[PDB]
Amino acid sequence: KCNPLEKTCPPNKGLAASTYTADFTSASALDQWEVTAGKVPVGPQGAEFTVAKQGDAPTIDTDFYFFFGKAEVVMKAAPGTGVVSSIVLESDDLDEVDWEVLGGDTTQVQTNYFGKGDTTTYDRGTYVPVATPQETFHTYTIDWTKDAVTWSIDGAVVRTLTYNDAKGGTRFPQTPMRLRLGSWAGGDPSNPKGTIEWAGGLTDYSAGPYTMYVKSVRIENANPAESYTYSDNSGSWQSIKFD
């Protein structure tokens, strides 16, 4: 994880196709993914992100990066107090767009972003109404262009971030991003008071295994390439070299 605003890092492996599809009911679905933590079994309901015990943070990263386009995930959130179901887009410069569902909040899901790992205040967050995310599969779409990031649920736009809303684009996500899917306990007793408070309370690991399900992943690469290179330390999209 070398940050190109701080130094010169090697190229990011890119998705050299205009679309990527993963149906997680097949075994060879994690061929272009890495299991970064825990075990992630593949079931009849798709890939399973289970918080069974303390420290369980099962995550999968794509091997590839994409430079603008679409990320669509069909997910059922994990239940349980303090359990976080996360759909994360992140670049090496720490540009990020994400979706977070909390097990005890049955009426909403959170949308969030940051530019260049800048979490000056936690004012980049938005709660949007969703019907029983822990009991119903929903399609979480992020549309990503130079002009705006759009968050949609089951084909309905629920949030738009334009380039200038991100401090005139100084904090807009515009660098090659990999998709991470995972569940973790934000209510882990060992987290800061503020994280446990945010996650909607403490996690009772005894009270069940809590499973997050991802049936499918759809990625559209607006700029298909074998690799992406950060030319400068500007962290801007104009500084991304590829062919």
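Start at 1 and count along the sequence shown; that's the residue number.
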Comparing 84-92 with 110-118, the one whose average Cα B-factor in the PDB entry is higher
110-118
Looking only at C-alpha temperature factors in the entry, 29-37 or 63-71, the higher average sits in 29-37
Say you rank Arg171, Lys76, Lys146, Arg159 by Cα B-factor from the PDB entry; which sits at the top?
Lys146
Where does the C-alpha B-factor of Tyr230 rank in its chain, lowest, middle or highest third?
middle
Binned into thirds over the chain's modelled residues, the C-alpha B-factor of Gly125 lands in the highest
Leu179: CA temperature factor from the record, placed by chain third, in the lowest
Which third of the chain holds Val214 when residues are ordered by C-alpha B factor: lowest, middle or highest?
middle
Would you mind checking where the Cα B-factor of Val51 ranks among the modelled residues of its chain, as the lowest, middle or highest third?
middle
